[PDB]
2 protein chains.
Amino acid sequence: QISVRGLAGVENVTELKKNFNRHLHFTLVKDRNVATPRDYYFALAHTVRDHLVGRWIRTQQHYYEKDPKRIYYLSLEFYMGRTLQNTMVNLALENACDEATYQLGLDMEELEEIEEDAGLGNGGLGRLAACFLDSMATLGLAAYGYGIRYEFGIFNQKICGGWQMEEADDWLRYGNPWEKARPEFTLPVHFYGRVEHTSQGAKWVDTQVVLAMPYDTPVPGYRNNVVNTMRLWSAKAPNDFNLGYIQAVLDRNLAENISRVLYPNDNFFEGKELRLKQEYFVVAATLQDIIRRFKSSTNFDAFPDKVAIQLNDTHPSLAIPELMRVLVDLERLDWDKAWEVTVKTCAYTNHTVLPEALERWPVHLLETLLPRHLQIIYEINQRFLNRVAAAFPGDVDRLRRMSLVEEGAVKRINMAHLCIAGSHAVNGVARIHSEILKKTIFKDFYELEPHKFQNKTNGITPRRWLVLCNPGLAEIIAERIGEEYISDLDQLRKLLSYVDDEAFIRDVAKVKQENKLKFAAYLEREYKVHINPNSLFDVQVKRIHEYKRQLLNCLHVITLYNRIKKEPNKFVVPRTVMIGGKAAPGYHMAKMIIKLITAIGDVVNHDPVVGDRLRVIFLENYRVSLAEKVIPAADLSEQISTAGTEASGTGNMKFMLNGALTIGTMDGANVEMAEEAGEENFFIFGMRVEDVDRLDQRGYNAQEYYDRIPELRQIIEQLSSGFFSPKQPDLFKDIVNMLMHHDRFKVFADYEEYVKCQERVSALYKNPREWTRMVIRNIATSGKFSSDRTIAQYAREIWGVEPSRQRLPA
Amino acid sequence: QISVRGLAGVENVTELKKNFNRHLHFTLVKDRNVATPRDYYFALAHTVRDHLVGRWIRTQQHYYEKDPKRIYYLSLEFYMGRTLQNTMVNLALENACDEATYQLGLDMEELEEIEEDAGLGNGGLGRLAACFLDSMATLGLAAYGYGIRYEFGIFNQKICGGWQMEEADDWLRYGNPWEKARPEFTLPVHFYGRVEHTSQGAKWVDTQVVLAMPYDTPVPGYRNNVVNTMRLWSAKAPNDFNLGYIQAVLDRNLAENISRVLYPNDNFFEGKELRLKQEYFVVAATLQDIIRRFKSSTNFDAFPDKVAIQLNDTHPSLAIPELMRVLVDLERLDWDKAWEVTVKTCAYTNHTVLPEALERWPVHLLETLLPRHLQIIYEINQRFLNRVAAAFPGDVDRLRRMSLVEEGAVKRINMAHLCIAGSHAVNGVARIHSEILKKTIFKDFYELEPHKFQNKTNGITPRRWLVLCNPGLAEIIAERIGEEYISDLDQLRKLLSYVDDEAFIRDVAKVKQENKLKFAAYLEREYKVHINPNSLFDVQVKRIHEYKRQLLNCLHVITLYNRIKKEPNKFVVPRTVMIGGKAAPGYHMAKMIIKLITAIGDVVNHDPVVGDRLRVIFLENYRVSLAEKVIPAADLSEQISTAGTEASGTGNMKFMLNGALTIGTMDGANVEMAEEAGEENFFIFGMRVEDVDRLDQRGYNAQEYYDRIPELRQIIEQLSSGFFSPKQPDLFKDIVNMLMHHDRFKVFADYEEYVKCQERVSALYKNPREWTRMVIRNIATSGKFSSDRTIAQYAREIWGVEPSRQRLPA
Ligand SMILES: O=C(/C=C/c1ccc(O)cc1)O[C@@H]1O[C@H](CO)[C@@H](O)[C@H](O)[C@H]1O
Ligand SMILES: O=C(/C=C/c1ccc(O)cc1)O[C@@H]1O[C@H](CO)[C@@H](O)[C@H](O)[C@H]1O
Ligand SMILES: O=c1[nH]cnc2c1ncn2[C@@H]1O[C@H](COP(=O)(O)O)[C@@H](O)[C@H]1O
Ligand SMILES: O=c1[nH]cnc2c1ncn2[C@@H]1O[C@H](COP(=O)(O)O)[C@@H](O)[C@H]1O
Ligand SMILES: *Cc1c(COP(=O)(O)O)cnc(C)c1O
Ligand SMILES: *Cc1c(COP(=O)(O)O)cnc(C)c1O
């Protein structure tokens, strides 16, 4: 079909068909007479999986023989999405499989849609981990992702009567052909117990044991024959567990609950015992694996030369005291030596400055669950504070501020402070965020140890986020500049030479139109919703949070509706406004916001005077596989967080790479995207961080904006009086009261500039040539936002390893 | 090697090696550098499994096309043991696989020992179901075994300080290569709710749903290319189940507990709610499958022409009211028609007359869990009792005796009475048992419907129980009479021609000696216990129950020990006395019996005057795979139940086929074994059923035997005074008190005749030629006890189908 999808050679196609039929018969135990599309999906998956194993075995053997420094990426979340297409892309098998299936009378795209997402994450942090695995493999790093195999990932979202309902994500129901269980490599993890002090030191005794059983999933690099491993741990009861008889067997479930379900909070901290168990479970099992591999390469001086441990936020922070526990209690290293090793091995990435997201564990929980770790944390704290006191003598308030132990009604351990003390590098995830860390929440720590603090601006993988999801765009680029850009995204800068090329302009606009048609068709088929494919597709997809200001978008939509009703016969640029994302089940306001969006839709979409000029659609069950569909279809990307709140964003980058223009605040990576593209090619509006600070100083009074802006007052009166909820007039009272009196995120303060900026978007959309020229200037300057660039920086500046695009032999 | 194991052709061996290597690489994702014996076992298993699938697909397609009457064998237990060797035997692959593995540098016997038993049963009833599946496939019947896929089978038994400890049987830890999950064929099962009566009849509403997910396991016939299915159901929560959020997901465990664990009672009734859920779960899922297959072959007149349902005891008895519920409530048949269909479809096998084993469910449990079924049971009862009243007018006590509903403090449903009312055939499992049913517990029912009552004497499969476990014996037989006997066991009668053949006599004795050496070696290797391989191997293996009288064996052992101590310099025939079996976890007396056996061992095995003349060994963790080892090594088979208590026995048959002589009472199938072999070739002793009855009439007084038998008094004084428990003198007080005052099984009444009979065993063992001639007379007359004979009788006399030894094309 298209060149970037590879060759469909006769011998390859013949072999794929043979192996497909072999798996249908022997693996699935089906005859073609009763096989369903799902059976055909599994036959194809097993066929493609076979192509990984030689490379996987050879890669891991290569690491054993060459003994490179090993990189361990520890995360509680890996938001992997679907694996089939990504595997074909990275092995150059897509066209061959397409031809093979076509010859068997099957449509490969239909088969691809059967696969469940591996939804083992909430949003950006989980998806970053997934992009990072892809980039580490593509850059030939000896890297391992370590996490938890959740039986249930992020819930499936259903909308019922305009409200979010949650359904369990039983993603393993039909099996997972990508993973390989390794029950032979099961390891013990200890909980509870008590500490005995002997002549030979501390002993942690009388513990309860849970077993950690690993499942390995292959992670292929882009056409370099490197296949790395993601190892996810599953909890199992020991066989003597509780061992009337029947009840003891049933009670095995209690241990096995550790790996049952992903906590569904994005950017929020819930201090539950089960979450702490999950965090220790991952850490304890992973560290045993790390030490085993090191010993099989007694001298731990070389440990940091052979091992790097990257902490994805504070969630695996217990790695720091666990490494200390192993080195001191089990290996009998002196404390100072063990600490030197630990600091040189560990590095910490921070993802948010919102205080409610920070992990502060009550001491009483740690005392009960992990009594030896608590002792170690207290010793770390005492030695760290002794350093602070020597550097800043007499500064008693600094000692209180920097302590790992927080005083109050309930004493807590600040896990971020632990991570900073115990890591040689601390990074934020975009330039503005990294600067905020040094100036605000971690200022004291930066003053003590400035060398620790780095920036590593986030990125996205151009394999999933261009080649896989938008083959039409990938092909028209490849036609002009070849294929090298797929693993060297800075080559997109070559496209600036084509900004005045009439053929390239029409082809870029053509690809977008095709994607919009395809998406419009998907919506009609799966959700029986009709949209106008000639309208501007205005898209905000991300988790529902007050800081992300879906509410600001809502105010704009109502503004547009009100303007139409006031002047029904005036031309306006038609829009389809699409908002999607999941709310955390316990987050009342986020659930109310979803209801408001659907309620706006109910009014706008059925008003005959509006016609097809404005449609408001809530995209149900936003997830990686839906992102792959909607992002290539978008014209306008909404990135409208209050300045200083979105650490980076990564959705923003996906939109830029796929030919959408951005309306956004100077927040997170938006700042760098605008810098790369030129501010003239971005729709920037609203308060800067400095402006937010100035408002906080004099005090935010929402009433002032209400009093001064008639169009805004109308909207608030409509919300309050029941215009969007005729049967329940007070339905949205909580939203109104929040906006008027308790709005941490200053929605009204950016309303006027946002609406004006949106007017400029509409004006440009009326000129398709100039819209498309601006799009080209965005795509062409997207290169910095490849996760390959991000990972190269982690490798050189934190881990001390050199990337490689060299191919292993097949 | 040996002829009965088949051919090792060059092309076959080459292909097996190729596929073994393919599975090691692609399926297991291992290189040979790090592969362990367990990896090699799995590679071999997958290789052998591949040879089943073509035959499995072709067999099931054949049934779809030809549409024979289908036989559904419903059991809560299938005691399958290991599958690898059995599969090779039935496919004629054993020698080829042996050669293939040998050429790869592997020992196939070593690999076989890695496989876990599928221990999804307790003992005889579960093992009968397994033998029956093998025989149904060998006889070309369109038969399906339906049961539950327990996550944990019968517990692993450990002996600690002489006491039984139970450990969970986590048999699925490393995976099960034999089964194929069929999540696509998942069906709903309903519980709780209430009944609404409408114009259109009864409706069962407001139910809780559990999903039944089937796993299919292939069941190969002996060299006929027939592969039938065992379908086992696993419980799954629906995805909206309970749907704070985390707890709702965790609570899915409650539904999934239905299939978690096998209830470990042999011959005993525990009326727990979870057991009732298991029973309904199997029935409801299975019946949906049955009806679906029937409809895809509205007219239910033909249903009994196309379907037979065999109830393995009363455990799946709810099939009767469930079939009625479906036909009346869902298909809208009139009651009388539905009842005609039900009776003609169902048949019931009874396995015990012990009252404590009979299922009598409290009405209150059924009312809550299964309210519609209870209504149906009451209607069945009323109509049945109307028939009784018409046949026996005025016989009011007969109405009370025959009722399905039992009166008392707690009203109960007698499930056996339900099964008799609702089945066209009721059978016992040996001639004496079937006669007992008609004369005692089911006398009233026999008087009403004599035509219903049949006998089907049990049997064992000669594939597992001769060819697989005792290839040496199978070969020496085959050398004389060829191989046809393996599927036509009556051909063993030809061996009577060889009873005076010196070569055959030495070869039979040689095979036994080899098996004894091998077993002695196994015991030393795995349990560091040494035994004298020239001693008489005296074996009692079966579940520990008072009715089986392991205690009578114990008294004999102590008698032998006491006789040695009294006359240390007198010659006696050396014995190794081996007793093994599991006790139900809640059965105190059975646990005490195990402790007594180990305590006797502690004394006897360390007394220097005894030397190697007497050893007492408790065989730990008795299970199908251990039976395969110990039975071929046995000289004497102990089958010593109180007359009238062991419905059949099947261990007895295994011993007879493998060249052990039997010491036993005239109980169960022992009666028929003696009839076949000649009473002169069996060591029969003790009370007959008629003698037990006479003692019950005047009253059993154990004191009389104590007063009259000095050797018995000595033993009781030894037990009471602490001779076998010096540190805890009163340890065995409960056993003594039971024997003296509350012994339902009359241990003392058979003591004198048992000891005298044992003296005759020893006398014969001193003459190896005459011992072996008697063995030949037993092996030669074993033919009746093939499960092929049993199944042919069920087929012709109950199910209305003709067996076939015709081969399907490969
Ligand atoms: O996604 C998260 C936070 C996740 C989480 C927190 C606490 C839990 O308990 C669970 C998950 O932050 C995001 O991490 C992304 C990648 O750097 C950034 O691009 C986003 O700006 C940031 O909000
Ligand atoms: O094995 C059982 C009974 C099992 C059971 C009962 C109640 C539960 O709740 C669970 C299991 O009976 C055995 O069934 C065997 C085959 O016919 C017979 O050979 C034995 O004589 C008989 O004792
Ligand atoms: O002791 C060993 N001998 C030979 N190869 C080994 C050994 N340990 C690890 N390897 C190789 O390294 C791979 C990865 O092992 P891991 O890193 O311990 O998971 C294995 O699959 C082998 O190919
Ligand atoms: O509708 C049908 N068309 C063709 N073959 C069928 C159909 N239903 C069942 N079969 C065949 O019968 C086999 C057994 O199906 P089952 O008896 O319903 O489990 C299937 O695997 C097919 O080979
Ligand atoms: C990229 C992505 C995110 C992160 O989007 P932001 O706008 O940066 O919050 C969340 N969820 C999914 C499914 C994604 O693909
Ligand atoms: C045959 C068998 C039984 C039944 O033995 P009986 O002596 O008839 O009770 C029990 N358990 C196992 C493992 C068997 O193989």
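Below, all heavy atoms of this structure are taken into account, side chains as well, without hydrogens, waters or symmetry copies. Proteins get letters first, then strands, A, B, ... in listed order; numbering begins at 1 in each. Ligands are counted one by one from 1 in listed order, and the atoms in each one are counted from 1 as well.
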Reported [atom1]-to-[atom2] distance for the pair [X] and [Y], which is rounded to 0.5 angstrom:
X: A:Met656; Y: A:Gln639; atom1: CE; atom2: CD; value: 11.5 Å
X: A:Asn350; Y: A:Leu358; atom1: CG; atom2: CG; value: 7.5 Å
X: A:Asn470; Y: A:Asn658; atom1: CG; atom2: CG; value: 4.5 Å

Can you check whether [X] has an N/O within less than 3.5 Å of an N/O in ligand 1?
X: A:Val429; answer: no
X: A:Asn122; answer: no
X: A:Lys548; answer: no
X: A:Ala357; answer: no
X: A:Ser648; answer: yes

Go through ligand 1 atom by atom and flag the ones less than 4.0 Å from a non-hydrogen atom of [X].
X: A:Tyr547; result: 23 (O)
X: A:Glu77; result: 10 (C), 11 (C)
X: A:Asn265; result: 8 (C), 10 (C), 11 (C)
X: A:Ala647; result: 21 (O)

I'd like to know if [X] contacts ligand 1, where contact means a heavy-atom distance under 4.0 Å to any ligand atom.
X: A:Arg275; result: yes
X: A:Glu270; result: no
X: A:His315; result: yes

Is a donor on one side and an acceptor on the other found under 3.5 Å between the side chain of [X] and the backbone of [Y]?
X: A:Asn122; Y: A:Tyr263; value: yes
X: A:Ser637; Y: A:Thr662; value: no
X: B:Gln550; Y: B:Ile593; value: no
X: A:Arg789; Y: A:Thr457; value: yes
X: A:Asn312; Y: A:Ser75; value: no

Minimum-distance protein heavy atom relative to [atom]:
atom: atom 22 (C) of ligand 1; value: A:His351 O, 3.4 Å
atom: atom 12 (C) of ligand 5; value: A:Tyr622 CE2, 3.7 Å
atom: atom 21 (O) of ligand 1; value: A:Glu646 OE2, 2.7 Å
atom: atom 8 (O) of ligand 5; value: A:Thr650 N, 2.8 Å
atom: atom 7 (O) of ligand 6; value: B:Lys542 NZ, 2.7 Å
atom: atom 15 (O) of ligand 6; value: B:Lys654 NZ, 2.6 Å
atom: atom 9 (O) of ligand 6; value: B:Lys548 NZ, 2.9 Å

Please determine if A:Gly651 has a nitrogen or oxygen closer than 3.5 Å to a nitrogen or oxygen of ligand 5.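 Such a contact does occur with ligand 5.
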
Decide whether an N or O pair under 3.5 Å exists between A:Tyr79 and ligand 5.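 Among all N and O atoms of A:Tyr79, none is under 3.5 Å from an N or O of ligand 5.
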
A:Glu359 contact mode with ligand 1 (heavy-atom cut-off under 4.0 Å):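 Answer for A:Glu359: neither.
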
Residue part near ligand 1, for A:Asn458, under 4.0 Å between non-hydrogen atoms: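 It is the side chain that touches ligand 1; the backbone stays farther off.
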
Measure from [atom] to every heavy atom in [options] and give the option owning the shortest one.
atom: atom 19 (O) of ligand 1; options: A:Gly124, A:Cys131, A:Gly649, A:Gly668; answer: A:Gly649
atom: atom 13 (C) of ligand 1; options: A:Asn267, A:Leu128, A:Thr352; answer: A:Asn267
atom: atom 9 (O) of ligand 1; options: A:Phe268, A:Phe269, A:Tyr79; answer: A:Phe268

Can you find a heavy atom in the side chain of [X] that is under 4.5 Å from one in the side chain of [Y]?
X: B:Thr461; Y: B:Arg127; result: yes
X: B:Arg549; Y: B:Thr645; result: no
X: B:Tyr245; Y: A:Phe155; result: yes
X: A:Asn621; Y: A:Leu626; result: no

Salt-bridge criterion met for [X] and [Y] (N-O under 4.0 Å):
X: B:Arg463; Y: B:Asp134; answer: yes
X: A:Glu672; Y: A:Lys784; answer: yes
X: A:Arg275; Y: A:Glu279; answer: yes

For [X], counting its heavy atoms only, list the atoms of ligand 5 lying under 4.0 Å from any of them.
X: A:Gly123; result: 10 (C), 11 (N)
X: A:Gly649; result: 8 (O)
X: A:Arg623; result: 13 (C)

Pick out which of A:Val282, A:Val283, A:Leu76 makes a side-chain contact (heavy atoms from CB on, under 4.5 Å) with A:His315.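 Only one option passes, and that is A:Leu76.
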
Look only at interatomic distance and state if B:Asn652 has a nitrogen or oxygen under 3.5 Å from any nitrogen or oxygen of ligand 6.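 No; every N/O pair is 3.5 Å or more apart.
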
I'd like to know if B:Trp465 contacts ligand 6, where contact means a heavy-atom distance under 4.0 Å to any ligand atom.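 Flag set, B:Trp465 near ligand 6.
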
Check the pair B:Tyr622 / B:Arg543 against side-chain contact (heavy atoms from CB on, under 4.5 Å), numbers first and verdict last. CA-CA 8 Å; B:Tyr622 182 63; B:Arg543 291 289 297 256; over 6 Å; no

Look at the aromatic rings of A:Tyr794 and A:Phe132 and report parallel, tilted or perpendicular, splitting at 30° and 60°.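 Aromatic pair A:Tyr794/A:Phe132 classed perpendicular.
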
